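A, B, C, D, E, F, G, H, I, J, K, L, M and N label the chains in the order they appear, each numbered from 1.
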Amino acid sequence: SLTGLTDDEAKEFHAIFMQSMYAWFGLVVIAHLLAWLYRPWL
Amino acid sequence: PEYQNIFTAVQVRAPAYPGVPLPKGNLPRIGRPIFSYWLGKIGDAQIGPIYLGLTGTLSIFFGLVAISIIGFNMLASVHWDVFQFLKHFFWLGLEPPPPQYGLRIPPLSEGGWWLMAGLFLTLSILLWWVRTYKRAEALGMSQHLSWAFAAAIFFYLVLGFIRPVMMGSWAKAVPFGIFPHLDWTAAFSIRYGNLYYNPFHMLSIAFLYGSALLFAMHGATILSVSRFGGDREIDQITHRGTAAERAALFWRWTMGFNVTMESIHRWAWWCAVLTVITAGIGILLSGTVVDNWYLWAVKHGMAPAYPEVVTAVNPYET
Amino acid sequence: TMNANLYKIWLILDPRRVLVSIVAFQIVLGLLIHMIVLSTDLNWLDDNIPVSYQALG
Amino acid sequence: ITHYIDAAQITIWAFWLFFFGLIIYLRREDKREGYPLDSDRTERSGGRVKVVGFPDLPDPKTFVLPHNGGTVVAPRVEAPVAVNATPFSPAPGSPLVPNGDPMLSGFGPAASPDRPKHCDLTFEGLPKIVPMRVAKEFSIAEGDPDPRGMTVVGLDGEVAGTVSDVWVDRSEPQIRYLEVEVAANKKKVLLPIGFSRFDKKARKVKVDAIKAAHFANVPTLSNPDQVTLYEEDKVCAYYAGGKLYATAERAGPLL
Amino acid sequence: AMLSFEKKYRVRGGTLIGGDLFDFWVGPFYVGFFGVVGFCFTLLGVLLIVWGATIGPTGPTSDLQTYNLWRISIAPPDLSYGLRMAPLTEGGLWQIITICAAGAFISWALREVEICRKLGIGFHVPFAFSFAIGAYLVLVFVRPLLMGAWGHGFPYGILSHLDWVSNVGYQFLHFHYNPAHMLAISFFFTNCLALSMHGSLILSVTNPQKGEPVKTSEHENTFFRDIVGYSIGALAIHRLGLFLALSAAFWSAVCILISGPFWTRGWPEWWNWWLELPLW
Amino acid sequence: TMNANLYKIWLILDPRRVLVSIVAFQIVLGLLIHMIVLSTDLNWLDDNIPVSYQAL
Amino acid sequence: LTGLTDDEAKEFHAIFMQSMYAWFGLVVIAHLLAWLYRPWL
Amino acid sequence: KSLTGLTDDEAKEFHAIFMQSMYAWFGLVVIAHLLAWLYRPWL
Amino acid sequence: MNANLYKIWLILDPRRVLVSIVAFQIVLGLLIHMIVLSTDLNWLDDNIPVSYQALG
Amino acid sequence: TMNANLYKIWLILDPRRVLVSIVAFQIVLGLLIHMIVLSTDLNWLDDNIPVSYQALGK
Amino acid sequence: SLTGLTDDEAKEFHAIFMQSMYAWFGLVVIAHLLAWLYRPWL
Amino acid sequence: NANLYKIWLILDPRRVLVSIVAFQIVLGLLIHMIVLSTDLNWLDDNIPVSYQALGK
Amino acid sequence: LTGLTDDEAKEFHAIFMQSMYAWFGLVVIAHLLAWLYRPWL
Amino acid sequence: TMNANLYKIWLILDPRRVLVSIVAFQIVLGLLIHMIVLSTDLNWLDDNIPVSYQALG
């Protein structure tokens, strides 16, 4: 492969990446509900 | 007579250097290098290859959009007439939004294109900054270029972004155009009571002149000792040679003191960087802190006084 | 009609550079399109819908 | 209200504080070579007094050389080196006069430090500066004459020899020295490009620095296929000595 | 005092004028014939500047006399004196100081030539310094001469000479459009960029990241090829920097030399030759 | 009218460079045309059709 | 030639196309919500 | 032997895919202009 | 999503991507805040709940 | 009246370098000519033919 | 042969070049026929 | 002249063709731009009719 | 001097002149049409 | 009245470079002279002779 990761290392990285990204996106959603409740923009 | 080492009289060629190998994660370089005989008379004949990853690709895209938005509006301002675009090119510009819109996004028909060109050039430059940082990191080099570039970006940011926001209006930023941005320069000095009396303008001039002073001195010094390999500054710095010794003595004997082969580049680095640091501060203070630099200079006792040989009655008093 | 041997395009264009250029192009396009529309009648931020918040103060 | 102090005045004073701190920083960096100074105060003090001025010297930095080349420190204690000259007057500030034949004195514009006895290296670790015989991948750029076979003339137009090879920089491709087979002694000596003017139509290399007969004493290379830093400086300095020493008129003055 | 490697270079001779008479150092400074001559011009000029500050424009008792560093000003004569010598208190002092300065400047450059001869180095530095001297002489000699009065020179005052620049510039309405001025500024700006680029690269390859060895010529070339697709080379960057700095000075001299002697209207109107071409 | 041996053009012009240039040209041309039309009477963004959305 | 084998080009293409179509599906949904909220033609 | 590196069979195959892809692109171009002409005829 | 999308880390450096996302997101966050402050939605100078300069 | 040996032009000029140049020139000339025409009375975009679409909304 | 084509290769390219050029010129003529009918300029 | 053909023994036929082609295109553009700057302008002369008037 | 043999310079000149006359012939025709449509002198 | 040995001028000056200099100089001169003439009363393009073609519209 090109990045030097093995196949299982890419598998492990991908699983932690997707969980962390979903947690980040979850925070963004919470923030927009607070913002919509406080100051709806549409 | 003697060889002055201005032009390479006899160029040699070797297969193009692909560059120092970069660590994993960097993209392969692109381009097949070519040689220019005429570039090889004054310097290196190789053109290319180039590195282009995501940072530079994103940078170039932002930058091409910004440049095209400017040019499009220039061509539109002579009604698509290409001949009149060439006739008036130096006069044409893309104008900041009218003051009535403040810092709000203005209409496409009256300032929206300027704000978009300004946004995307700014992002393009910021991504180019990251590029300068990454290219040094991949070579294991320190970050002196990106630090100096940040100082130039600071000045650029003050002119078009920081000060207009502080002043509450995009109308106070710089238009995109050759002569139009010269109008802005002169009008800015007029409006703020003569920029000559801005002390950071004075300092910025001192450092801009000093950059030409220092590069003339250093440029000329190195060519005069290039007969001793003085242009090879890496090994003159680690292993002082008679090139570096004769250079220091020329200046020591001229003006009483001297630097080293390494430390002249520090003097040069700081002189150039301070040019744009002081310029940003000078503009940052104009309108925000000082409204009339001459009267500010009068107030602190700096403005020269002259015998009165002309004078005018103020018709607003009468 | 899609071609069955279209996959061989990745024998011609480098897949990594294509990915990098698409990401770059789309970030630019996304910012550019959002800004063009904000400079027109379609602007949804300064349209005072559902209300103007600068008037409540 | 009104106040004399304002932010422009505050900021400009802050700049002066920064700037004078910067100047002292720079002056410290400037003293990593050539210091402490050689004075007659240090002689008479029996070495107790080191002349360094203000600011004083910085703490030493280290340069790590690639390819296990060792460590360079700056500033560094350098052993005094004899000067092959005697004072024109015993008074302080007087010049000195080279001993013996000036060309061979190693003094004045003939002088040079003792650089390291190793070859500058390419990034890959090969000797950087080498003849085209060795770096067979090099060629002369189309449009320019091949210096090999050109005739080398001294300052007085006399034939000093023939260009026997061309020495190139493998890191950043360019001619650095011409190799001259000297007619008088058949030795092969380096000629720096910095001292060479090409007369292309005549296929002659003109060297204003020295006479044809001075080519016999160009310092010689220990190894004919590479050049050490030490040898580079000795070669260049010998040609440079001719600028002042090669003829009588060159001593000056004009009037 | 001498640099610890300096003594082996302090050779006798190489003077242009003077020979053994003035061939000596004073501390670090080499003197020589042009050292003696230059010192006299300099000390006189400086002391006459201070005397002008002492008496001011209208005598030491007037309210216009000041030692305030920004406000001290020694001014050239009225234009009515033409190319003649004015009285000392009516601009003649300025006129004598100008000659001292030219003599001080030219003596400095010739002293540098003698130093190059001692060191067996090229003459690039005094040659380059000649461009600065030429610009000063364009300002106080050639341009005033072509217009017929020494009073077209600029005054010797830290802030007062900016007033001269300001009012001379606005004689042409919008001096920014001077073509030699635009070209010169481009050189001044390009020089500053190039200087920061050069300084940065040398410091960044000799002071690499911690744990790294000193970098190589190959790193230097690769580094700017990686950023801009081109590397000019470590010799040529010094060639370039000298060309940019000297070009900035040359077009400066051109841009003020044509402002009055070879052009009297506004500078924007000069560009009407372009606008009026029969293409558009 | 097209030639039966037109496929031989790929023995002459590099397929890779041609494809990259086409998509680059078409993307730039498409941006340009959208720009021109917006700057004219044909503008579909600021035409208040179907309604003006800027409320008082 | 990019140095991929034929099977790698098959595998990359399938993931590329499936991923691109997923991105395109989001764009359509966004424009359906935008068209319902503020129709522009 | 060619100047691009492709054999004759490779160039025939690329041409086939190139022409099919380009006509598919042009087909998309045509539909947009019919929609645009029906929505906002410009001539 | 495809089952083998994880193979992206065989083609894209994981460490570089992670860092580039953080900087992209921080810049985006700064950019978007600045946009909203330039609109009617500005929440700092809206004098809600009250004007604090009007108290002094 | 062309020459029978005119094909020999591709013995002198590189067909590849020629083809790229024609494409670039034709693209630029096409862009150039379109702009010149738009700058005149011939403008087909701002002529409000068949109708003016901005009037419809103002 | 300065470009490197043989004599038969130069003959084959010319034939295909002239045909393609004429087909392009045919398109250019057809386009200008429509423009003169739509908006005559002389 | 009968020996004029020897000009191709002196001047490179390939660069002369390129210079002629390059010069002729620029000249053609230049001459059109010159004529369009004068009374002879055939594009903005409202002949046969003014099409902008047709749309008012 | 250019590399062309004498016969090559003869053959190139014959085609060059024939082509240039065709180009010059076209130029006259275009000028004739221009003069008929919009005489400029 | 020319000299019989004037042909020896080509033993001193390169005939190719002279040709290229002549061609370059003459083209430049012709462009310069036309634009000079077009900038005087003699202008033959904007003189409305035989007629003003803008006045036809």
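To be clear about the criterion, a residue touches a chain if its C-beta (ideal position, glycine included) is under 8 Å from a C-beta of that chain, and two chains touch if they have at least 3 such contacts.
Across every pairing of chains, the maximum count of C-beta contacts belongs to B-E. At the centre of the protein atoms shown, by the Cα-centroid criterion, sits B. Spacing of chain G relative to chain I, judged by their CA centroids, is 24 angstrom. Chain J and chain N have CA centres that are 31 Å apart. A straight line joining the Cα centres of chain A and chain L is 61 Å long. Between the Cα centres of chain D and chain G there is a gap of 63 Å. For chain E, the set of residues touching two or more other chains reads 3, 5-6, 9, 25, 27, 118-121, 206, 212, 214, 216-221, 233-235, 277-280. The residues of chain A that reach two or more other chains are 2-3, 39, 41-42, listed in rising order. Residues of chain N in contact with at least two other chains: 38, 45, 53. Chain contact summary for the complex, chain E toward chain B: residues 3, 5-6, 9, 25, 27-30, 57-58, 64, 66, 68, 70-71, 73, 108, 111-112, 115-116, 118-125, 127-129, 131-132, 157, 159-160, 162-163, 165-166, 174, 176-177, 188-189, 191-209, 212, 214-223, 225-246, 248-249, 268, 271, 274-275, 277, 279-280. Chain contact summary for the complex, chain F toward chain B: residues 31-32, 35, 38-39, 45-46. On the side of chain B, the complex with chain F involves touching residues 65, 68, 72, 76, 107-109.
Partner chain A is touched in their complex by these residues of chain I: 5-14, 18, 41, 43. Residue ranges on chain N touching chain L, taken from their complex, read 15-16, 19-20, 27, 38, 45-48, 52-54, 56-57.
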